[PDB]
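Working notes for the structure below.
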């Protein structure tokens, strides 16, 4: 129960809700020794919050996503999106005047590319089990 | 296991996975969406 | 604060530290942050104004941003900086990988013959 | 098909070069270059001129894989 | 003459060699369709004339030398990678 509502505050980007979970439910976390992540999980949730918005919208403005994710300032938003591009999280282009962020739909992943290339690992996974069944059959 | 370390230390439950998304987001909601009628 | 990033909040916390002896390391903490202004901010932004980049770099008109105009290259514009051209290098990415796609079918058809 | 296909390729292309040297006639004529140019619908030379057949190359391997 | 393709051709190139005006390129290349030297349909959006098949005529001493360059090149390229098909896949056959 103390560890339950935690992930329920991870799905949301509210700071007041996330910090209240750490205060009340932090006692249960002491026995687990999981406190290492609580400092870096704040940076994890802000990536989930921006991924929720970036996947739901074509263009997302920095000023509109500012208070919606409550970054509260334009300057640190330029620092987050910069590191989001460094981590390959977001494809969004940014037009700096005030500024604002203007992105576009990413495509061309298509069909002929990803599924057949992933199927190389799928069949190589399956054909090995054919040997695993033969090896297990040889003992009896 | 029971060996080694670990011994030392429809239903509504299934819908509760989605239902908790209603708790932290947009309530249910009737009243607010019912108040939006006369707003604009 | 390095994940904010800071820049700003670090230097405000750099005002009061016990520390003690951190004075030598916060100078190296500078250089590892200072070279990130060029690395982090782009790619990719369009154009950022002159004094906007100076707000993070502090000073007044240092030779560091002058060294950036050399190192980055990138662009030195009047009263502004540009990312031309464009945003940058315009990746296609390549029409060559159609080759290696035929290479993937080589060993893939071979795995179908291994069973057989 | 590569062996027997490209060996007669080399045997004839060496005799076709021999034409200018000696053994002329055969001029031939004209049957030699005529159907060779029918072979020329695709050369295929550098590099493969498959820009239109590139996406179609893997697209034929699409469902087979 | 060229190895092409480089199959579809731009009207300005026909307007260079054949030195014909843009409005007359239609009658030009489409009449060759009935003669039978080329069957290639014409792309009239960019006004580029596409070619199909080919009409060979005679031969020259530079054509044989030009042949051995671009003919045997098909022989040396395919047989080189054909050995790669023989090399790796001879084990799964035996």
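What follows draws every value from the coordinates through simple rules; no lab data is involved. Reconstructed Cβ throughout: ideal geometry from the backbone, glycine too, with neighbour counts over all protein chains shown.
Taking Cα centroids, how far is segment C:1-34 from segment A:17-72 in Å?
24
Please average, across the residues of C:5-17, the number of beta carbons from any other chain that are within 10 Å of each residue's own beta carbon, and give a whole number. Mind dumping the intermediate values first?
On the way: counts 7, 2, 3, 4, 1, 0, 0, 0, 0, 0, 0, 0, 0.
For this peptide, the per-residue mean of nearby foreign Cβ atoms is 1.
Express the Stokes-Einstein translational diffusion coefficient of chain C in µm² s⁻¹, to the nearest whole number, given a Kirkwood radius over alpha-carbon pairs, 10 °C and a viscosity of 1.306 mPa s.
D = 87 µm²/s.
Taking chain A as a Gaussian network, Cα atoms linked when under 10 Å apart, which of A:123, A:46, A:60 shows the biggest mean-square fluctuation?
A:123
What shape does segment C:31-97 take by its C-alpha gyration tensor, where a ≥ b ≥ c are the square roots of the eigenvalues and a/c under 1.5 counts as rounded, a/b above b/c as prolate, and the rest as oblate?
Details: a/c = 2.62, a/b = 1.94, b/c = 1.35.
Cα axes put segment C:31-97 in the prolate bin.
Modelling each spin label as a point 7 Å along the Cα-to-Cβ direction, I'd like the residue C:72/residue C:9 distance in nm, to one decimal.
The answer from the label model is 2.5 nm.
Convert 4 °C to kelvin, take the viscosity as 1.567 mPa s, use the Kirkwood radius over C-alpha pairs of segment A:1-68 as Rh, and evaluate the Stokes-Einstein diffusion coefficient in µm²/s, rounded to a whole number.
Values: Rh = 13.1 Å.
My calculation gives 99 µm²/s for D.
Just counting partner chain Cβ atoms within 10 Å, what average do the residues of peptide A:64-75 show around their Cβ?
Details: counts 0, 0, 0, 0, 0, 0, 0, 1, 0, 2, 0, 7.
Mean partner-chain Cβ count within 10 Å for A:64-75: 1.
Taking the Cα atoms only, what angle lies between the long axis of helix E:25-35 and the longest principal axis of chain E, rounded to 10 degrees?
The answer is roughly 60 degrees.
For chain D, what number results from the quotient of the Cα radius of gyration and 2.2 N^0.38 Å? Write out the running numbers ahead of the final one.
Numbers: Rg = 17.1 Å, N = 65, 2.2 N^0.38 = 10.7 Å.
Against the compact-globule rule of thumb, the ratio is 1.59.
Springs between alpha-carbon pairs under 10 angstrom, Gaussian network model over chain A: which of A:122, A:42, A:59 fluctuates most?
Largest GNM mean-square fluctuation: A:122.
From the alpha carbon gyration tensor of segment A:65-126, can you work out the equivalent ellipsoid semi-axes (sqrt of 5 times each eigenvalue) and give them in Å, largest to smallest? All intermediate terms of the calculation are to be shown ahead of the outcome.
Values: eigenvalues 259, 38, 17 Å².
Square roots of five times the eigenvalues give 36, 14, 9 Å.
Using Cα centres only, tell me the gap between segment B:1-35 and segment A:86-114 in whole Å.
33
If you look at just the Cα atoms of segment C:7-48, how large are its Rg and its Dmax in Å?
13.3, 42
Which of A:12, A:112, A:36 moves most in a GNM of chain A, Cα contacts under 10 Å?
A:112
Tell me the volume per residue, in Å³, of the convex hull enclosing the alpha carbons of chain E.
Numbers: hull volume 15.6 nm³, N = 94.
So the per-residue Cα hull volume is 166 Å³.
Taking beta carbons within 10 Å but only from partner chains, what does the mean come to for residues A:86-95?
Values: counts 4, 0, 0, 0, 0, 1, 1, 5, 9, 3.
Across the residues of A:86-95, the mean count of other-chain Cβ atoms within 10 Å is 2.
Relative to the longest principal axis of the C-alpha atoms of chain A, give the angle of the C-alpha long axis of helix A:114-138, reported between 0 and 90° and rounded to the nearest 10°.
40
Calculate how steeply helix D:2-21 sits against the longest principal axis of the alpha-carbon atoms of chain D, using the helix alpha-carbon long axis, and give the answer as 0 to 90 degrees to the nearest 10.
Once rounded, the angle reads 40 degrees.
Under a no-solvent Debye model with one identical scatterer per Cα of the protein assembly as shown, what's log10 I(q)/I(0) at q = 0.07, 0.11 Å⁻¹?
Log-scaled intensity ratios, in q order: -0.75, -1.15.
Output needed for chain A: three equivalent-ellipsoid semi-axes, defined as square roots of 5 times the C-alpha gyration tensor eigenvalues, in descending order, whole Å. Write down the numbers at each step before the final one.
Values: eigenvalues 296, 163, 24 Å².
Ellipsoid semi-axes (Å, largest first): 38, 29, 11.
Helix-only estimate, please: 222 nm mean residue ellipticity of the protein assembly as shown, summing -39500 (n - 2.57) across DSSP H runs of length 4 or more and dividing by its residues, to the nearest 500.
Details: 21 runs with 257 residues, N = 455.
Calculated mean residue ellipticity at 222 nm is -17500 deg cm²/dmol.
Give the peptides C:24-30, D:38-44 in descending order of average Cβ contacts within 10 Å, highest first. Please list the in-between numbers first.
On the way: C:24-30: 11.1, D:38-44: 15.0.
Packing proxy ranking, top to bottom: D:38-44, C:24-30.
Can you give me the C-alpha center-to-center distance between segment C:69-114 and segment E:42-77, rounded to a whole angstrom?
Cα centroid to Cα centroid, the span is 33 Å.
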